[PDB]
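Novice: Okay, handing you the structure first.
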Amino acid sequence: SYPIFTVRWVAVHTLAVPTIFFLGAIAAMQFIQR
Amino acid sequence: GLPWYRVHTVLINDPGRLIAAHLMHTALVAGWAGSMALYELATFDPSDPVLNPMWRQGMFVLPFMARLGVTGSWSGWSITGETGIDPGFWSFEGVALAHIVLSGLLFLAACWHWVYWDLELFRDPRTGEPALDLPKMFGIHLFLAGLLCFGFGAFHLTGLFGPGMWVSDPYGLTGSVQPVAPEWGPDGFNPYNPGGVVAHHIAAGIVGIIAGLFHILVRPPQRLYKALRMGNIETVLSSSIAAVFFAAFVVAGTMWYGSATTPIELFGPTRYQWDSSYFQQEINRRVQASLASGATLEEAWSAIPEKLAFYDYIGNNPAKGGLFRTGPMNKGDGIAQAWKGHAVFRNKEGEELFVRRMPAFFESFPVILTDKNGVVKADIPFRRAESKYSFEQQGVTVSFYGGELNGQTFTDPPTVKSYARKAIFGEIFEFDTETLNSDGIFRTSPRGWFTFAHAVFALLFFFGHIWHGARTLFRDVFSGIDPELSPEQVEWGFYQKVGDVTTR
Amino acid sequence: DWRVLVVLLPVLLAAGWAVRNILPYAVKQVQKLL
Amino acid sequence: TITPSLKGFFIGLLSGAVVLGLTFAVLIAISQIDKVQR
Amino acid sequence: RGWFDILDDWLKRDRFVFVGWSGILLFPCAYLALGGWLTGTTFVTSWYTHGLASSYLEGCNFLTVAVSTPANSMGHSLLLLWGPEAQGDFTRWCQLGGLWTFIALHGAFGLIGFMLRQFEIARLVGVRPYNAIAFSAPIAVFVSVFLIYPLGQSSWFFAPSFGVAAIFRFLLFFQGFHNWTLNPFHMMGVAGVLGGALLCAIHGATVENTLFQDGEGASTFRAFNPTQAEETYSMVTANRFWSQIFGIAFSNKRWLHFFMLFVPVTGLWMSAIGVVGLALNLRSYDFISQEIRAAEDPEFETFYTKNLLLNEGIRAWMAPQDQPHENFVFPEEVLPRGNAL
Amino acid sequence: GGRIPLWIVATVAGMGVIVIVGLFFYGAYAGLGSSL
Amino acid sequence: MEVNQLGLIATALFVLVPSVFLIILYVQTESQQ
Amino acid sequence: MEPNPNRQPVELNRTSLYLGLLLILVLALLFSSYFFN
Amino acid sequence: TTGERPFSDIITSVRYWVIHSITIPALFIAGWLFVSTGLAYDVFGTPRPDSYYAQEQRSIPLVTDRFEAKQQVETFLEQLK
Amino acid sequence: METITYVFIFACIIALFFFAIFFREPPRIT
Amino acid sequence: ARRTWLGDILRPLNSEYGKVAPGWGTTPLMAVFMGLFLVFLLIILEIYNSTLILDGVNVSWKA
Amino acid sequence: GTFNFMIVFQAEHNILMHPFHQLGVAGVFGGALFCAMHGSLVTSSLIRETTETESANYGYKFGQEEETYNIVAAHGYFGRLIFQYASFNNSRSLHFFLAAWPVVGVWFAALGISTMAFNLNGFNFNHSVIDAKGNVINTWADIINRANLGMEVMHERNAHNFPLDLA
Ligand code: CLA
Ligand code: CLA
Ligand code: CLA
Ligand code: CLA
Ligand SMILES: CC1=C(/C=C/C(C)=C/C=C/C(C)=C/C=C/C=C(C)/C=C/C=C(C)/C=C/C2=C(C)CCCC2(C)C)C(C)(C)CCC1
Ligand SMILES: CC1=C(/C=C/C(C)=C/C=C/C(C)=C/C=C/C=C(C)/C=C/C=C(C)/C=C/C2=C(C)CCCC2(C)C)C(C)(C)CCC1
Ligand SMILES: CC1=C(/C=C/C(C)=C/C=C/C(C)=C/C=C/C=C(C)/C=C/C=C(C)/C=C/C2=C(C)CCCC2(C)C)C(C)(C)CCC1
Ligand SMILES: CCCCCCCCCCCCO[C@@H]1O[C@H](CO)[C@@H](O[C@H]2O[C@H](CO)[C@@H](O)[C@H](O)[C@H]2O)[C@H](O)[C@H]1O
Ligand SMILES: [Mg+2]
């Protein structure tokens, strides 16, 4: 009976979406050699 | 009763006593300006506008008088150094006297308005309560502000009826009070163009006259009257503190960065002129033009004015002072007497070396001499045991061109080193340290002191703005929140809109 | 540039997956909203 | 004449107007659709 | 019921994250300043502005990443993306330090947005606005340090860079160049910060140890109910305790809580005033009377004189690499060193 | 609503954090930034 | 030590002026009914 | 002439005296070194 | 109590984990590929470990000119070849 | 003068401690 | 309260306390002037900042 | 003398790069933050018992039984400032947090100093970033090291006779 998309949903995903992307990027950086 | 920090709140619903308080403030400020001017005139040495100008002597108000055209003293000197002008009444002493007289007249008016607080003018003709129609008082004052702004721009600054303003060449050598025509192009917005200052005051003045008329004739919207609490005099205080801190940050910035209203002959050079070697580049340009015409090295440097060389000296940089290093710039290095001339350093191979100059960040700096390609050729080393670049080892000598020591050459390494240590400061000057008991430690200029005081005041005034704005908008909770505050207003899940009982 | 697609490959392909598992209920939210 | 920094200035002025404009159209639109029950 | 009033209705709806009119300013500016910082510290170098690596992408860790200030040659340029320096090229804008000004400017407007949020919510719920007033202190600190300090200096380069170790460099720069520990405005700041943490510790501990027994559990948090009218701890016992331990004690709970606002807020304001002075190099660098005496008496030594030598070491050993726009070549023989080390 | 127990979600998410931070600590000793 | 000649008067007034202000307000408070 | 009804009594309690004096003396002790310089 | 669905009801639901067992790895993998394709270097202008210096260079490519800084960087990058 | 000034201000502070402790306004339960 | 000569002259200027224009009044016009003022301030900020470079405008003492 | 101790300590131990000192800073900044926050929220929620002409502090009587502020109002503000579950509604929990935050942080600070007493120093990342050739690429930690070197070479300038400063 609750809504799915809210101002809350947007605020969560504006943080959580780039966060997971950035965590994958930084994980891949652990395997860069010089 | 009232706590100490609220004693002046007894004026809030007493317009006649508010006017009295404001008159007493204006009396004190005008009295300050007269007394300060007179203390400066008692202390100012006007005999040397070249190496001892007003900005070396700790003169704070004297550049403000000179900027708008007050050049002379009744004792017969003028700030430019010109012999035999008569200023009429409006000398520096005549300005000071006009402020003291005004201070006393405002003092008497304050007494009258304090005693005769209960005027019918301050009463609402319908309720009988003390009431000030603040929106209409704004339009009246804005109109008056606009007339004065216009007349100052159109008549004083243009010279149409008035003296004009201080204007100078880019190197601060030949400044004087001149009439200034308005600049109506886009170069009117160049802060270094004095014609912009004229054009601003004409245009903003007219706009103030027009807006003042609008504010006289059109009432506020009910929406804005409610939102801005326009029946509360504290709302004006909140907004006036804000406009004032805005203006203080602007004058702090234009003092620090320089503008046509802050010229270097009145306030000293800026730190950015030392940063960019502004005067060093002009000195070298004039020398190379002289050497491109067949002058000798003595002839080229002897043509550089002492005034121009004196700007190329780090003890005139306003970023070299200290917060508790008090007094004029003369109290540090001394009263400058003469340019010693330009020191040229050469090693025993004949190559010219250049002393790396001190940046303003550095309380102390090492003496390092490079060639024209920036390769270190000589220094004054700290540890002597493995030193390879010492002045004794590289055969460093120093010769002077122009100035006091013109044509002289020095070879003994103690003497060459002591000049090299002075050469980190830019141009080398002879200083009288004995008159003021100068301590040898740099002080900042009026440009620095002004910028400090105004940035500090502006930052504090931001707090006053927040405080009085909060007092204005939250006047109903000032002594506390409503003791029957509904928990439904503040708990989640009852009102659709926060603090709206109709949305329940 | 072939690399913008590759980075946008899992982003696009999982946005479309979440807009499929939420479409029977994102419709119902916006319908009663009208 | 219009210098490149002037055209650059007009770019930033227009880009701010578009950011504030599209933000305020979206906020107005959602507000008109999701009114409070009074 | 105009469009303004309906928009006001929506902005002030009770929701999980309150928006408000201030949220129009706050939420994009905060998100961009936060997101700009993470973006720059993950992916952006400082190689062209400072000659430093400053990102996870280059091998730095959380302590050493930073969004570094622009080059000194940029002066105080706003460094807009569309400005004359980057000319719309995003890659070059990142290389020139445009993310620094991006974070600083959006951080500034976000902080405004946050104080506006404090006013707006306090006005809607009906409480006094002292939390916004207390937030003036971190704003005063941010403005003085991140804006006024570099504006007084030659360029944004000398502002603090947004990074952990970069800030540590800023701290050691202020010792070596400004002797900032000697500055009475900083000292007032330290007292407000340490006095604030003391009041935080002592008030918390005093309340927790003068609690009334309001329930049967040995874990005492359950014995509180937010709808109670009664004080949960004994002010009288707390007062008697502190009067006998320390001599003085609070006896007014309202004054106690105001003093807790006042102490850290005043301290931070005082430090801000000191930093404004340091914008113009108006330092409390030296005590003139000791310098006169130390110059003439080579046996006079104090902790202040020792600190000045430390400061001279900091300047000489750090300036060539900390200020690479100057092209300082300090030969090894000019560097100040004591014996042996 | 109440399919997966929140303790299981907490545990797997808690362990996902450990693995990711542990990788970042592993990367302090290998590759870029390792001083080798 | 060679100190500022105005430091003594500056310190003495910085103490005495607001201290006497507070004493004045304290004393007249105590004398109220 | 009728007296002014906006007048208010002013107060400073003893603790405020002690706090203010503490403040003034500590600021004096702090800034005195800088005033002597 | 603001009417949104509770978070502990959402993240314990299977519909959430149907969605997020796809969206969460895809974002993580998209971030991984932004680095490992090398796109991160070209978007931001960050030097690769072999592009800090020219082969015999010891000096730093510092920007010295405000209005031609964009060209100074391009000249520094063209000297990396 | 300096030393006397510092010791004087210090001694006043110690005196103020004495009055603030032994001659405080007594906390009264009301 | 005391009537005075100057007070009776100035009386009409302090007579419309609390008087308002209905509703929004001239608010939309005010907002436009505020917007233009913001643009004006940006322009002069950017000239002083050398972010906005105009022909004929050399922002320097040498001008 | 305190400042001399601090500067030399940083030179010799890199205290700024030690996480215990960093927790100390979080303890003291957070403590001052929380001091300001708690002071401000209580002061904001004071219940009206006084007029505008008197200090609101006279609204509280020593040893009164009633609460002098509305903690429900304060929670209703601060839980809308952040979000509802970020805010304490239990005064006992709130005051425990005010105790525990600066105390635990200062404990870490004290342990920092007391463990640098045995020369377990803060993080050393000097030359951690190396290019493909092997060139040192400086980071901010490398700039800190230059400052550290300047204090180190200058401190106790006549006391050292041998190359390493060992105690
Ligand atoms: C064509 C006619 C004309 C001309 C030639 C001018 C010319 C000028 N105007 Mg004027 N003006 C005009 C008409 C004109 N004006 C009209 C009709 C109005 C409306 C009444 C104005 C209103 C106006 C204002 C309000 C100002 C000017 C200013 C100026 C001067 C700009 C250069 C300068 O020194 O700015 C320096 C100032 C700026 C570049 C503005 C800075 C804006 C700040 C940074 C905004 C942020 C403030 C905030 C508090 C900062 C806090 C953060 C900080 C601590 C880091 C120049 C003389 C400015 C001035 O007087 O400067 C001395 C100024 O402030 N004009
Ligand atoms: C905007 C204000 C302003 C500015 C910029 C100047 C600038 C100048 N003055 Mg002037 N002056 C002013 C106002 C100003 N004055 C006023 C209002 C008076 C009347 C008292 C004077 C009377 C005066 C005299 C008699 C003399 C000067 C002189 C000077 C020059 C030397 C400056 C100096 O040594 O200061 C030193 C500055 C300081 C030591 C800074 C003081 C630091 C403050 C007081 C610390 C206070 C901290 C505070 C209590 C903390 C509160 C904490 C609490 C909130 C918790 C300089 C050009 C001298 C000169 O050279 O004339 C030719 C000179 O002899 N001035
Ligand atoms: C145009 C400027 C202006 C004006 C007219 C006012 C007016 C007022 N203020 Mg506001 N305020 C301002 C700016 C201003 N303020 C600024 C810049 C700040 C930040 C510092 C504040 C912070 C502030 C607070 C926190 C409070 C007020 C309060 C008040 C009210 C009572 C003042 C009083 O009785 O103090 C009496 C003051 C004294 C007996 C002594 C103060 C002495 C100071 C600390 C040092 C000496 C000052 C020196 C003599 C003069 C320097 C002037 C300077 C500009 C050069 C009155 C309406 C009070 C209020 O709102 O009441 C309900 C209140 O609580 N103000
Ligand atoms: C509340 C939201 C907010 C605020 C206050 C800011 C503020 C800022 N941004 Mg940010 N920004 C935002 C949201 C915001 N931004 C969002 C959501 C994004 C992502 C889309 C960005 C993306 C962004 C980038 C990439 C950059 C900025 C930059 C800036 C700075 C310069 C902006 C400027 O000069 O434009 C000027 C425009 C205005 C001020 C508009 C004012 C509205 C006027 C008064 C109305 C009239 C305009 C008129 C209709 C236009 C017609 C033009 C026509 C004649 C041709 C400034 C600090 C720059 C920066 O940070 O530099 C370091 C920068 O490079 N912003
Ligand atoms: C009555 C009369 C008269 C007379 C007049 C007179 C004589 C006046 C004077 C007056 C005056 C002569 C005044 C003065 C004033 C002053 C002042 C007003 C000042 C103030 C100051 C201050 C405020 C300061 C402060 C400070 C310091 C100290 C330090 C630093 C900081 C500061 C700056 C803050 C006559 C015959 C005409 C006529 C009518 C009647
Ligand atoms: C700049 C810019 C921009 C923006 C962007 C953005 C907005 C971004 C965002 C981003 C973001 C938003 C990101 C994120 C990130 C995140 C991260 C990276 C995280 C991390 C995490 C971690 C690592 C964890 C850890 C931890 C902690 C912290 C604490 C506790 C413990 C632990 C361990 C858990 C734009 C385009 C608009 C424009 C142009 C420029
Ligand atoms: C819940 C939770 C969480 C999380 C946590 C976690 C994440 C945990 C994990 C945990 C774990 C995950 C655990 C594990 C355990 C294990 C164990 C305890 C093991 C043992 C084993 C053993 C003992 C071994 C033995 C042996 C040997 C010795 C030899 C060979 C054979 C064998 C292998 C048998 C959090 C915080 C978020 C929040 C709150 C809630
Ligand atoms: C060199 C620094 C010197 C700074 C000097 C500072 C001066 C400060 C002046 C404080 C003046 C207080 O002013 C004084 O206030 C008290 C109350 O507070 C008033 O007193 C009035 O109220 C009280 C209490 O209701 C009644 O008992 C009294 O009969 C009545 O007159 C005085 O009539 C007024 O003169
Ligand atoms: Mg690694």
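Please note that chains go A, B, ... in the order of the structure tokens, that every chain numbers its residues from 1, and that ligands are numbered from 1 in the order shown.
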Got a sec to check which residues lie within 10 Å of ligand 3, using only C-alpha atoms and all ligand atoms, and send them as an NGL selection string?
Specialist: (:B and (2-12 or 18 or 21-22 or 25 or 29 or 233-234 or 236-242 or 244-245 or 453 or 457-472 or 475 or 478-479)) or (:E and (133)) or (:G and (18 or 21-22)) or (:L and (52-55))
Novice: Would you give me, as a PyMOL selection string, the residues of chain E that come within 12 Å of chain D, using only C-alpha atoms?
Specialist: chain E and resi 1-14+19-21+23-25+27-28+79-89
Novice: Okay, now the selection with N, CA and C atoms, as a short mmCIF file (atom, residue, chain, number, x, y, z; two decimals), in the first residue's frame?
Specialist:
data_model
loop_
_atom_site.label_atom_id
_atom_site.label_comp_id
_atom_site.auth_asym_id
_atom_site.auth_seq_id
_atom_site.Cartn_x
_atom_site.Cartn_y
_atom_site.Cartn_z
N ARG E 1 -5.55 30.11 -3.99
CA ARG E 1 -4.52 29.08 -3.89
C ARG E 1 -3.63 29.10 -5.15
N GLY E 2 -2.73 30.08 -5.19
CA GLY E 2 -1.83 30.23 -6.31
C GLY E 2 -0.79 29.13 -6.37
N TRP E 3 0.02 29.20 -7.43
CA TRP E 3 1.05 28.19 -7.67
C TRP E 3 2.17 28.27 -6.65
N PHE E 4 2.38 29.44 -6.07
CA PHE E 4 3.37 29.57 -5.02
C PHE E 4 2.96 28.77 -3.79
N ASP E 5 1.70 28.94 -3.37
CA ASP E 5 1.20 28.28 -2.16
C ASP E 5 1.14 26.77 -2.31
N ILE E 6 0.84 26.26 -3.51
CA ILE E 6 0.85 24.82 -3.76
C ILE E 6 2.29 24.29 -3.77
N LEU E 7 3.22 25.05 -4.35
CA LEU E 7 4.62 24.67 -4.29
C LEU E 7 5.15 24.72 -2.86
N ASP E 8 4.70 25.71 -2.07
CA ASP E 8 5.06 25.77 -0.66
C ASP E 8 4.51 24.58 0.11
N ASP E 9 3.29 24.15 -0.23
CA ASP E 9 2.68 22.97 0.37
C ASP E 9 3.52 21.73 0.13
N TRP E 10 4.00 21.55 -1.10
CA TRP E 10 4.75 20.36 -1.44
C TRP E 10 6.14 20.37 -0.80
N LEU E 11 6.80 21.52 -0.83
CA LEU E 11 8.14 21.63 -0.26
C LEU E 11 8.16 21.36 1.24
N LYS E 12 7.08 21.70 1.95
CA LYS E 12 7.02 21.55 3.39
C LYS E 12 6.24 20.33 3.85
N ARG E 13 6.04 19.36 2.97
CA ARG E 13 5.37 18.12 3.34
C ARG E 13 6.20 17.36 4.36
N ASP E 14 5.52 16.73 5.30
CA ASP E 14 6.18 15.81 6.21
C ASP E 14 6.62 14.61 5.39
N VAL E 19 12.44 18.70 2.67
CA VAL E 19 13.03 19.47 1.59
C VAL E 19 13.06 20.96 1.92
N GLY E 20 11.90 21.62 1.85
CA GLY E 20 11.81 23.05 2.09
C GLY E 20 12.27 23.90 0.92
N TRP E 21 12.12 25.22 1.09
CA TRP E 21 12.64 26.13 0.07
C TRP E 21 14.16 26.18 0.12
N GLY E 23 15.97 23.67 0.70
CA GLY E 23 16.45 22.45 0.07
C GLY E 23 16.73 22.58 -1.40
N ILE E 24 16.10 23.56 -2.06
CA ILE E 24 16.41 23.90 -3.44
C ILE E 24 17.85 24.39 -3.55
N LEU E 25 18.30 25.16 -2.57
CA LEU E 25 19.69 25.56 -2.56
C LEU E 25 20.58 24.46 -2.02
N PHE E 27 20.31 21.02 -1.33
CA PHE E 27 20.46 19.67 -1.80
C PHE E 27 21.29 19.55 -3.06
N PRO E 28 21.14 20.38 -4.10
CA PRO E 28 22.11 20.27 -5.20
C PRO E 28 23.52 20.69 -4.82
N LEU E 79 37.52 30.01 -12.09
CA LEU E 79 37.80 28.75 -12.77
C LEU E 79 36.51 28.04 -13.12
N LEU E 80 35.56 28.79 -13.65
CA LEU E 80 34.32 28.22 -14.15
C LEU E 80 34.63 27.25 -15.28
N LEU E 81 33.77 26.23 -15.42
CA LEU E 81 33.94 25.26 -16.51
C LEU E 81 33.90 25.95 -17.86
N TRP E 82 33.02 26.92 -18.01
CA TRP E 82 32.90 27.73 -19.22
C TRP E 82 33.83 28.94 -19.24
N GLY E 83 34.73 29.09 -18.25
CA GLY E 83 35.55 30.25 -18.15
C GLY E 83 36.66 30.29 -19.19
N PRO E 84 37.48 31.35 -19.15
CA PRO E 84 38.53 31.48 -20.17
C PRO E 84 39.71 30.56 -19.97
N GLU E 85 39.82 29.89 -18.83
CA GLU E 85 40.96 29.01 -18.59
C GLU E 85 40.71 27.59 -19.08
N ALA E 86 39.57 27.01 -18.73
CA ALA E 86 39.24 25.67 -19.20
C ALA E 86 38.58 25.69 -20.57
N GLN E 87 37.88 26.78 -20.90
CA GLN E 87 37.23 26.97 -22.20
C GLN E 87 36.21 25.88 -22.53
N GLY E 88 35.55 25.32 -21.51
CA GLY E 88 34.56 24.30 -21.69
C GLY E 88 35.08 22.88 -21.72
N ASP E 89 36.39 22.68 -21.70
CA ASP E 89 36.97 21.34 -21.72
C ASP E 89 36.99 20.80 -20.29
#
Novice: Give as a PDB file with N, CA and C atoms, in the first residue's frame the residues surrounding ligand 6 up to a distance of 8 Å, considering only C-alpha atoms and all ligand atoms.
Specialist:
ATOM      1  N   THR A  14      20.600   8.669  -5.180  1.00  0.00           N
ATOM      2  CA  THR A  14      21.625   9.628  -5.573  1.00  0.00           C
ATOM      3  C   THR A  14      22.929   9.392  -4.836  1.00  0.00           C
ATOM      4  N   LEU A  15      22.870   8.796  -3.659  1.00  0.00           N
ATOM      5  CA  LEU A  15      24.065   8.403  -2.945  1.00  0.00           C
ATOM      6  C   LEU A  15      24.483   6.974  -3.273  1.00  0.00           C
ATOM      7  N   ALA A  16      23.554   6.014  -3.188  1.00  0.00           N
ATOM      8  CA  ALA A  16      23.936   4.604  -3.247  1.00  0.00           C
ATOM      9  C   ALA A  16      24.405   4.195  -4.638  1.00  0.00           C
ATOM     10  N   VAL A  17      23.804   4.748  -5.687  1.00  0.00           N
ATOM     11  CA  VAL A  17      24.210   4.413  -7.054  1.00  0.00           C
ATOM     12  C   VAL A  17      25.654   4.804  -7.383  1.00  0.00           C
ATOM     13  N   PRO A  18      26.102   6.065  -7.241  1.00  0.00           N
ATOM     14  CA  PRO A  18      27.516   6.347  -7.534  1.00  0.00           C
ATOM     15  C   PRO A  18      28.465   5.684  -6.558  1.00  0.00           C
ATOM     16  N   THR A  19      28.010   5.400  -5.337  1.00  0.00           N
ATOM     17  CA  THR A  19      28.845   4.781  -4.317  1.00  0.00           C
ATOM     18  C   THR A  19      29.296   3.396  -4.750  1.00  0.00           C
ATOM     19  N   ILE A  20      28.366   2.596  -5.275  1.00  0.00           N
ATOM     20  CA  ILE A  20      28.677   1.236  -5.707  1.00  0.00           C
ATOM     21  C   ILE A  20      29.542   1.251  -6.956  1.00  0.00           C
ATOM     22  N   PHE A  21      29.254   2.175  -7.870  1.00  0.00           N
ATOM     23  CA  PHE A  21      30.114   2.409  -9.025  1.00  0.00           C
ATOM     24  C   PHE A  21      31.533   2.782  -8.589  1.00  0.00           C
ATOM     25  N   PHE A  22      31.665   3.726  -7.653  1.00  0.00           N
ATOM     26  CA  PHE A  22      32.984   4.129  -7.180  1.00  0.00           C
ATOM     27  C   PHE A  22      33.692   3.007  -6.427  1.00  0.00           C
ATOM     28  N   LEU A  23      32.952   2.150  -5.719  1.00  0.00           N
ATOM     29  CA  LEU A  23      33.580   1.022  -5.040  1.00  0.00           C
ATOM     30  C   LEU A  23      34.122  -0.012  -6.035  1.00  0.00           C
ATOM     31  N   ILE A  26      37.404   1.601  -7.517  1.00  0.00           N
ATOM     32  CA  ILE A  26      38.522   1.589  -6.585  1.00  0.00           C
ATOM     33  C   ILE A  26      39.029   0.159  -6.358  1.00  0.00           C
TER      34      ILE A  26
ATOM     35  N   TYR E  31      25.167  18.033  -2.565  1.00  0.00           N
ATOM     36  CA  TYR E  31      25.440  16.829  -3.329  1.00  0.00           C
ATOM     37  C   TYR E  31      26.626  17.022  -4.260  1.00  0.00           C
ATOM     38  N   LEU E  32      26.741  18.204  -4.866  1.00  0.00           N
ATOM     39  CA  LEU E  32      27.842  18.439  -5.789  1.00  0.00           C
ATOM     40  C   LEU E  32      29.159  18.634  -5.062  1.00  0.00           C
ATOM     41  N   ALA E  33      29.138  19.314  -3.911  1.00  0.00           N
ATOM     42  CA  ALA E  33      30.372  19.502  -3.163  1.00  0.00           C
ATOM     43  C   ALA E  33      30.863  18.169  -2.619  1.00  0.00           C
ATOM     44  N   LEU E  34      29.937  17.355  -2.112  1.00  0.00           N
ATOM     45  CA  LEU E  34      30.261  16.007  -1.671  1.00  0.00           C
ATOM     46  C   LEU E  34      30.691  15.139  -2.843  1.00  0.00           C
ATOM     47  N   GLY E  35      29.929  15.168  -3.930  1.00  0.00           N
ATOM     48  CA  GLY E  35      30.252  14.345  -5.070  1.00  0.00           C
ATOM     49  C   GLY E  35      31.488  14.800  -5.808  1.00  0.00           C
ATOM     50  N   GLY E  36      31.715  16.108  -5.867  1.00  0.00           N
ATOM     51  CA  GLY E  36      32.941  16.616  -6.436  1.00  0.00           C
ATOM     52  C   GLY E  36      34.167  16.176  -5.668  1.00  0.00           C
ATOM     53  N   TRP E  37      34.059  16.131  -4.339  1.00  0.00           N
ATOM     54  CA  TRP E  37      35.164  15.685  -3.499  1.00  0.00           C
ATOM     55  C   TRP E  37      35.483  14.216  -3.711  1.00  0.00           C
ATOM     56  N   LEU E  38      34.465  13.365  -3.749  1.00  0.00           N
ATOM     57  CA  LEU E  38      34.700  11.948  -3.981  1.00  0.00           C
ATOM     58  C   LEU E  38      35.247  11.696  -5.381  1.00  0.00           C
ATOM     59  N   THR E  39      34.708  12.397  -6.390  1.00  0.00           N
ATOM     60  CA  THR E  39      35.161  12.277  -7.777  1.00  0.00           C
ATOM     61  C   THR E  39      36.620  12.682  -7.918  1.00  0.00           C
ATOM     62  N   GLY E  40      36.975  13.831  -7.347  1.00  0.00           N
ATOM     63  CA  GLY E  40      38.342  14.299  -7.441  1.00  0.00           C
ATOM     64  C   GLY E  40      39.323  13.412  -6.703  1.00  0.00           C
ATOM     65  N   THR E  42      38.939  10.230  -6.064  1.00  0.00           N
ATOM     66  CA  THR E  42      39.014   8.926  -6.693  1.00  0.00           C
ATOM     67  C   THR E  42      39.827   8.980  -7.980  1.00  0.00           C
ATOM     68  N   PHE E  90      36.158  19.798 -20.029  1.00  0.00           N
ATOM     69  CA  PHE E  90      36.051  19.216 -18.693  1.00  0.00           C
ATOM     70  C   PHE E  90      37.359  18.589 -18.244  1.00  0.00           C
ATOM     71  N   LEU E  99      37.996  21.635 -10.004  1.00  0.00           N
ATOM     72  CA  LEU E  99      37.206  20.925  -9.011  1.00  0.00           C
ATOM     73  C   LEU E  99      37.359  21.523  -7.631  1.00  0.00           C
ATOM     74  N   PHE E 102      35.030  24.389  -7.627  1.00  0.00           N
ATOM     75  CA  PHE E 102      33.701  23.788  -7.706  1.00  0.00           C
ATOM     76  C   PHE E 102      33.217  23.337  -6.331  1.00  0.00           C
ATOM     77  N   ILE E 103      34.062  22.608  -5.608  1.00  0.00           N
ATOM     78  CA  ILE E 103      33.740  22.142  -4.261  1.00  0.00           C
ATOM     79  C   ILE E 103      33.614  23.315  -3.300  1.00  0.00           C
TER      80      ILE E 103
ATOM     81  N   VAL F  17      31.276  -5.600   3.310  1.00  0.00           N
ATOM     82  CA  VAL F  17      32.069  -4.421   3.643  1.00  0.00           C
ATOM     83  C   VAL F  17      33.494  -4.818   4.008  1.00  0.00           C
ATOM     84  N   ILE F  18      33.626  -5.849   4.850  1.00  0.00           N
ATOM     85  CA  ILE F  18      34.919  -6.373   5.281  1.00  0.00           C
ATOM     86  C   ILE F  18      35.777  -6.780   4.083  1.00  0.00           C
ATOM     87  N   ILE F  20      35.574  -5.750   0.976  1.00  0.00           N
ATOM     88  CA  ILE F  20      35.940  -4.607   0.140  1.00  0.00           C
ATOM     89  C   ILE F  20      37.033  -3.769   0.805  1.00  0.00           C
ATOM     90  N   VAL F  21      36.899  -3.508   2.106  1.00  0.00           N
ATOM     91  CA  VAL F  21      37.942  -2.791   2.832  1.00  0.00           C
ATOM     92  C   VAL F  21      39.209  -3.631   2.923  1.00  0.00           C
TER      93      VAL F  21
END
Novice: With the cut-off set at 10 Å and counting only C-alpha atoms, tabulate each residue of chain L with an atom at most that distance from an atom of chain A, showing the nearest atom pair and its distance in Å to one decimal, ordered by chain and increasing number, as JSON lines.
Specialist:
{"residue": "L:129", "atom": "CA", "partner": "A:34", "partner_atom": "CA", "distance": 9.6}
{"residue": "L:130", "atom": "CA", "partner": "A:34", "partner_atom": "CA", "distance": 7.6}
{"residue": "L:131", "atom": "CA", "partner": "A:34", "partner_atom": "CA", "distance": 6.1}
{"residue": "L:132", "atom": "CA", "partner": "A:34", "partner_atom": "CA", "distance": 4.8}
{"residue": "L:133", "atom": "CA", "partner": "A:34", "partner_atom": "CA", "distance": 8.3}
{"residue": "L:134", "atom": "CA", "partner": "A:34", "partner_atom": "CA", "distance": 8.8}
